[PDB]
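Some notes on the structure that comes next.
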Amino acid sequence: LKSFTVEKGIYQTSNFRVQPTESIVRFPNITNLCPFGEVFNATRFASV
Amino acid sequence: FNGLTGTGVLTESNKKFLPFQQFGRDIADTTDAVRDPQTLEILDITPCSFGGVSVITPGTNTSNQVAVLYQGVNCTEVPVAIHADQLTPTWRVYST
Amino acid sequence: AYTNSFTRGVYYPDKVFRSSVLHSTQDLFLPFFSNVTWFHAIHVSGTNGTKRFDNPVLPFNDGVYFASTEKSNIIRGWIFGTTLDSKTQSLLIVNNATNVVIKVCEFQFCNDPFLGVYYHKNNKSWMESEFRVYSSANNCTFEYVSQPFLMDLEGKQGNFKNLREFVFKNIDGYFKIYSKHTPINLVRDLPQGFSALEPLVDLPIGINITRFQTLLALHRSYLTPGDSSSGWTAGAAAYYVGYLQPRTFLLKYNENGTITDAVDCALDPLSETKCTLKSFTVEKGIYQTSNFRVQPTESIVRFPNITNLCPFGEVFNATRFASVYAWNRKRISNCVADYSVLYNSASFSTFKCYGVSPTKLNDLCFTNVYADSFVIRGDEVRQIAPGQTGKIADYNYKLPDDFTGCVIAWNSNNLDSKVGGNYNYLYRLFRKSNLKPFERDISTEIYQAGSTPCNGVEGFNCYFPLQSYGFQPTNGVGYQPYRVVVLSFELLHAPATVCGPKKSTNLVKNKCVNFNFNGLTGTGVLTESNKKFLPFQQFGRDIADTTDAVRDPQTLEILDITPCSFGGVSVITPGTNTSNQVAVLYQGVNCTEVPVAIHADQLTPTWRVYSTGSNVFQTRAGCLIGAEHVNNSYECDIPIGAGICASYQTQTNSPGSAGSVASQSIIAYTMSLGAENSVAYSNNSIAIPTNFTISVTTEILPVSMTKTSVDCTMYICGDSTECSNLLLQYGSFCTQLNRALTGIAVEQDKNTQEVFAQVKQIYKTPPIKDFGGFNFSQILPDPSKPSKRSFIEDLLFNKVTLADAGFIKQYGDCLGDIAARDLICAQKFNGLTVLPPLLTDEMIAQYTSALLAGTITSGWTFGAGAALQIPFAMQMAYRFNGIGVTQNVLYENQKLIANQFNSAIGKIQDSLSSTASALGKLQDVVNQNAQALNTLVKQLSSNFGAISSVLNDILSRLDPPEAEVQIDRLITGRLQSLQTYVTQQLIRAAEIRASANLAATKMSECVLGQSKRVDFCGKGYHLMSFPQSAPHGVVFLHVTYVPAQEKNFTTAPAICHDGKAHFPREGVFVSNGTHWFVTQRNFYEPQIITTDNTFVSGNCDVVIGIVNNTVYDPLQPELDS
Amino acid sequence: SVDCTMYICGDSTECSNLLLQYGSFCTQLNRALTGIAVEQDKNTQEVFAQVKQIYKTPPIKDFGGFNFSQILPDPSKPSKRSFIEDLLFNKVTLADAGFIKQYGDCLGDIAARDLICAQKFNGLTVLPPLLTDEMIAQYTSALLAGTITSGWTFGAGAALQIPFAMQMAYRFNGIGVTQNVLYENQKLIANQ
Amino acid sequence: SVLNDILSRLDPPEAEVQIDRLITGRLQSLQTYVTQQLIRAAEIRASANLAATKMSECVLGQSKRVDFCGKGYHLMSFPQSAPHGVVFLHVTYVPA
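Residue numbers (PDB author numbering), protein chains in the order written: chain A, 303 to 350; chain B, 543 to 638; chain C, 27 to 1147; chain D, 735 to 926; chain E, 975 to 1070.
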């Protein structure tokens, strides 16, 4: 109200929000990491 | 879920999504439903509750006693919205 | 050959499940009733010989719909690509049963590998037929495979057992396959049945697809020669193909999320209406489906016919450029100038353009061109732009901030530096004041720092006025000299002098065409004009400032410019139930324009039918097509415009008990204002009603919107921090919005209270029903309702699809999925929240019951004091007097009236049960609220020019400065949208409030009393009304008295006895043929004329139409006796 | 009515794509204006349409002396407006407006085929009233005809004929003035 | 001032900004126009309903409401059309 005195009534002081108690993340599984690492252990690497 | 994001409550539901459908929507765009990408079940989305904190008071001159209304909120939620479980027992008194 | 697609080829657009709700989408779909081409493999022997094995290369187009009828497993798949083969972008797609294989890298085989013959020749392989997909993995990007397959390889024969249907397309780099399998029993045609195709493949391959070819196996046996070239047997097979078209579609996702039905919006006017409504069924009415505009037939380009080419070659390569204080100005004129030569050239370090973009320059003609030119140092080159300051910019050379043109500059050490050292390019050190735009000043008087005596001499404190740039070849990048040209351009306010290199064309008038005049582009119909153009003026303008007229640069004649014909396309549908025949009104357009506006010349012959046809008519409103004109004056079912209305009526048809959709046509005609009626009027003719029908004309008014409040931040920001902070910049908007909506919310409680609350206490009904025959039972509350609404209130409650009721929503109640069904929940997440009414549905029911119970037991009195009880039969006796219908009229027909009332109420129940149309206003309001909220919700998805509608997507992606800029835009958009929403709510609130006060007045006057205001309550003379609660509104069962039957009678304004003229105290004089009587105004209760019935005034002579008669003196029998 | 895209864009593609980013504003505006347009026809019907059947004026004008001829329609006029309506039509002006006059010209221009002037306003449009100025003339003549021929009755029931002189008694009582005051001055009221 | 000029003059990358400004202004102007039209429409509708009421009470009947119809005690009224409106000839009785 920005006031020192308030009359009899009901005022919407703020907006209540149930806070996210927790956080969730879900996705499918994955694979196929980088193959080049294998080249580092080559007989001879992929020449620059 | 799969990149879809939001805040709400999640509860297992018996809605039959077709094998291809990942999500479901309301009358207007709201992404109401989701299938869990680990386990195929479908959850039914509730909005996390919120509402105006209408403060009921008599004139201040008359009295400073005050009462708070949480519009459309479920009292059960008042402890849930806040992390009552997490809080110390001194804090817990305020929830219920 | 060609066949009919019917509906087939629709597929699931998105991964989204929807429960029994309709989705409007836009995608590449095979159009409805499109003519699918049929291909065949077949063998008929004989000299004639039909033998065909169609494996042609076909175009992919916009995407393809394909279908193969199949018993034998003949068709293997396809090869797609731009190339359709291994030349470049290409996709080998093979399908064998469960398994599918794909390959990008260059294929060993040609258009198709050879197959079919199996079981080899004998026990051993003999493997003559060699097949190889790929080899020598070299230069190999990609290949894909789906799970291994086992082929049925039945070898059994029969008619086509099943149909395998597919759709193929690539969007966003993702190639897709949607497919379906169904049983079938016919080879020759595609089925007239609907089944959507579901997604098997969705790969981000990125290869575009222009063309494709089918793969199908060839059989060989001992009978065949077995030659690879020939030596093969096709058997007989057939397949179908059609091409997709970007188009909007409507899909019917059923209760279990499957697509049961679909509509191609683009197909016809009916489809356009279906999509407008977003519904499979559309009611009878007129719908503004889209807008129609005549498209440009051709493009006209006009410039002055000037052959010469401008001197840029000279200007750019001048021997010496000017010293900047001295800056050169060269006017360029009367020529063609190809700016691209400049733009393309490597020679320029900086190209910057202020008014125009360089590519566009060739497209325009300039009134004047000036090449300002000079040489300047690198540090300074930046100065030559609008808003700049510096040694050059202040005094030396300066441009208007508004300037239009391009600044071109390049480093020219070779061009201006001197090994000896070249000082020559002078600039201005000092001046009394700043230089003006395009100003120049030479004055080199010696400047004195402070002692006055030096006059024209450079003394101790007098320095030579002009400095110059030193340019040695040693200079350095910033230090070095740069040549500059400012191509200032004049604007097309005047005659055009210099033009881009474009071609010119014929002047063709009266056709709609795209037109370019001297660079003024546009679209419109060009014609001759009789305008007064002065010799200097190039063209003229509308109030709009848009060009209204133009002088042709070649002829120098004056041409008027008009817009190419356009208007909306309203569609008239008889209602899907009734028929699927539809007509279109092209608004305000002349029919003669109709074929030309649409691209009839370009379009397919399918489109051709839509434009022409015998069924065409023109109204003042515009051109109507498909409808047929009718002379008869019939009432208006569907309004067209300008007095024209349409109805769906029969033609010569054969009566059928069953309703059939076919035959008949949509007729359009000048509507009758209703039936015409020549009133029986005469100086002495009066129709007093012999009888009446009591009726319960229901009137329904919205009392409240659906109480809503919005969390400004949640809506705009979603409670996100950055956005929440940014909103602060705006200030009071959130508060004023909340205040506005709070005002709305309170107003809603206020109107509900103001309407219903009109009584201080809840009066409750007696256990005994003795109403004197009036049967309120349906209207009064049911004791075990539960939720003690009355029956009628219940019907209303059920019939209206209430936004929601008993506002209690458990948070757990939604949790996952389910939010979808519950729109209200969805809004609850949403920031938007419905707030329960102060009076709950139960309380309202109690109040409506209180009002009603009072209305029954006490009548009007409860409005004034506390309720004063009175018998119901007695109350009606008041109401009748209120009409002017004397009270005995009630009692003498008491049961009959009760029966009429009771029966009428029975009719109300039937009427409400029958149609929503009765429900009308409330149903509409609930929809308006839902629509507004939906719009507000969908707006969250709108871009407003931002990178994304999803706020998080911005925050995640961009650096903070850019994020704020994008977010500010998004907030601005959402805020504007929210304010538009609030404004809409406010304006609607005004309409609703007017309704609420109107309802309150009706409750005050009409319920709590009896309003004399004619036609205020319902439709007739008004007795009383019973309110009934309804969602966000109220229904009044106005029990209006209406006179039903009448007879012709003879009347006079007065009657003479003594010469004195008697007049009726109440009622009017009337005679059948034989005798004269006084009768009440609205019911035929003939009464003998007496002194009690009338009053005397003056004498007869003054009155016109007065008649003689005898009057009965009630005293006389006493005297006689 | 306004074609939101034509007004903003001129239907230029380079523009229209951008307008779409604006979301439902454009659609809602078209709807709002359409709503207004429908509301106008509604207003017209709500006001004028109060009669179910066109009550036609009688031959013979024997109204007791009240001369309706100025208010009633003249059969001679093509649009069969009343005389007073003609004064009203003249007074409401076409003349000052530059734009409207320009619009007025297209309706008249029968001679030229394929002339759709709707495009001429730069995207703006005017949709004709469902009840044309002519139809309104008839509708008003009906309301008037009923008002003359059948009193107040036509609001409630069918139009029940009542002589105009007789009707006035029904009027005077409404004021609290006895009918004799009417008849005693019938000729006078007619002249007044 | 004119969109076609912008398109004639600038490329689609740059034009975007200028056109966006123009669209924003025009849209704002259109909303301003429509809003005024809506509110004006409210006045017209109020007058329409008022007229309808007058047609119901003043025309179709008579009304006791003093100074509602015309300016006197009301007898009856005759409606006459006018371009975009209605004229009522209220036959109000006035004592002189």
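Heads up, the beta-carbon is just placed ideally off N, CA and C, and yes, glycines get one too.
Check, Outcome
"Simplified DSSP state of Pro384(C), which is helix, strand or coil", "helix"
"Endpoints, beta strand (DSSP E) assigned at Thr599(B)", "592-599"
"Within-8 angstroms CB hit, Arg319(A) to chain C", "yes"
"Any chain A beta carbon closer than 8 angstroms to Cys617(B)", "no"
"Residue-level contact to chain C via CB, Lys1038(E), 8 angstroms cutoff", "yes"
"Pair within 8 angstroms by beta-carbon distance, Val1033(E) and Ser1021(E)", "no"
"Buried/exposed call for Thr573(B), threshold 16 Cβ in 10 Å", "buried"
"Proximity of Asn450(C) and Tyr351(C) at Cβ, strictly below 8 angstroms", "no"
"Spatial neighbours of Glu132(C) in its chain, beta-carbon cut-off 7 angstroms, leaving aside the 5 residues before and after", "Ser112"
"Between the CA atoms of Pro728(C) and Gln271(C) - distance to the nearest angstrom", "45 angstroms"
"Span separating the alpha-carbon of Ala93(C) from that of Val267(C)", "7 angstroms"
"Closest residue to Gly35(C) among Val320(C), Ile101(C), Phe220(C) (Cα-Cα distance)", "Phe220(C)"
"Inter-residue Cα distance where the pair is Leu699(C) and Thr645(C)", "18 angstroms"
"Chain E contacts made by the region 905-924 of chain D, where a contact means CB separation under 8 angstroms", "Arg905, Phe906, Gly908, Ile909, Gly910, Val911"
"Nearest neighbour of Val722(C), chosen from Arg905(C), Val1068(C), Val620(C), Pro793(C) [CA to CA]", "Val1068(C)"
"Neighbour flag for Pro715(C) against chain D, beta carbons, 8 angstroms", "yes"
"Interfacial residues, the region 571-585 of chain C to chain E, with Cβ spacing under 9 angstroms", "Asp571, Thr572, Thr573"
"Three-state secondary structure assigned by DSSP to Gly1044(E)", "coil"
"Nonlocal neighbours in the same chain, by C-beta distance under 6 angstroms from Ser596(C), ignoring five residues either side", "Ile312, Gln314, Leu611"
"8 angstroms Cβ cutoff, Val382(C) in contact with chain E", "yes"
"N- and C-terminal bounds of the beta strand (DSSP E) containing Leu117(C)", "116-122"
"Contacting positions in the region 762-777 of chain C - beta carbon closer than 9 angstroms to chain A", "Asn764, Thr768"
"Among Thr478(C), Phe486(C), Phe456(C), nearest to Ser494(C) - alpha-carbon criterion", "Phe456(C)"
"Alpha carbon of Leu226(C) to alpha carbon of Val47(C), nearest angstrom", "25 angstroms"
"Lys278(C) - DSSP class collapsed to helix/strand/coil", "strand"
"Test: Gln1011(E) CB closer than 8 angstroms to a CB of chain D", "yes"
"In DSSP terms, what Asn437(C) is bridged to", "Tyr508(C)"
"C-beta neighbour in chain B for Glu340(A), strict 8 angstroms", "no"
"Straight-line gap, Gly757(D) to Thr1027(E) (C-alpha atoms, nearest Å)", "40 angstroms"
"The alpha helix (DSSP H) enclosing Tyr917(C), as first and last residue numbers", "914-917"
"Pairwise C-alpha distance: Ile670(C) and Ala647(C)", "8 angstroms"
"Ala831(C) at chain B interface by Cβ criterion, 8 angstroms", "no"
"Per DSSP, the bridge partner or partners of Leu611(B)", "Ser596(B)"
"Against chain B: residues of the region 836-853 of chain C by CB proximity under 7 angstroms", "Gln836, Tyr837, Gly838, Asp839, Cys840, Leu841, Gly842, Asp843, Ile844, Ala845, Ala846, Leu849, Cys851, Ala852"
"Proximal residues of chain C, C-beta to C-beta of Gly1035(E) below 9 angstroms", "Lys1038, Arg1039, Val1040, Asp1041"
"Short CB-CB distance (under 8 angstroms) between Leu806(C) and chain E", "no"
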